[PDB]
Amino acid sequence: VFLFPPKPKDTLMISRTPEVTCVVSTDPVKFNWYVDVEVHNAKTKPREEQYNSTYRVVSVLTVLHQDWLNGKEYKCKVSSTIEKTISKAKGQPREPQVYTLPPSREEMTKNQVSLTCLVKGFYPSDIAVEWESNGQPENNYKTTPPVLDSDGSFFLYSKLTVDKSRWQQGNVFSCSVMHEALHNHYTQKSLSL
């Protein structure tokens, strides 16, 4: 039995649907879901198997945004019985600082440049970062996991890669960050030559 938390972007906008996932040979399992009180609205995927001939029943509970965000605990009961609990990390959320950073002058000799988004000082570590230009999203980026900082908050970097030609010619790129301590759960910093 293993209990996973919902995706960051899904809890931070009322339009998404956040979601707790409980993931688990000859005689398979009843799921019970209490929320710090039994709940009945979880859906359950049928048993799919693997190379090792074990079943893998996944169950999915749909959680309320403020429930998950206000710290409510989520209990998965997979039957005797075995348990597992999760909730949001405890503690005063902290607002992230978002800085864009142009490519190194030593990188300008490559045919592709790195645009950097440093996100600093947020808590808890749940966060989504994205990249845009001209309103359309940018595919070619990669974001590092949150890394605990000497001060108990978190940072990460996100690296967007573009042809040098798009950067040289003045195109504007934006780093979009979603975190609960941000006003409207969202901020963006733009970058350009």
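Residues carry their position along the shown sequence, with the first being 1.
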Discussion item. Quick check on the record: how many residues from the deposited sequence are absent from the model between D36 and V37 (none, 1 to 3, 4 to 9, 10 or more)?
Written reply: 1 to 3
Discussion item. Neighbours in the displayed sequence, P28 and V29 may still hide a gap; how many deposited residues lack coordinates there, none, 1 to 3, 4 to 9, or 10 or more?
Written reply: 1 to 3
Discussion item. So, looking at the entry's B-factor column for Cα atoms, which has the higher mean, 113 to 121 or 67 to 75?
Written reply: 67 to 75
Discussion item. Going by the mean C-alpha B-factor recorded in the entry, which is higher: 150 to 158 or 52 to 60?
Written reply: 52 to 60
Fill in: Top Cα B factor in the deposited entry, candidates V24, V172, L12, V177
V24
Fill in: Highest recorded Cα temperature factor - choice among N32, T144, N140, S133
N32
Worksheet item: Mind checking which third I82 falls in for C-alpha B-factor across the chain?
Response: highest
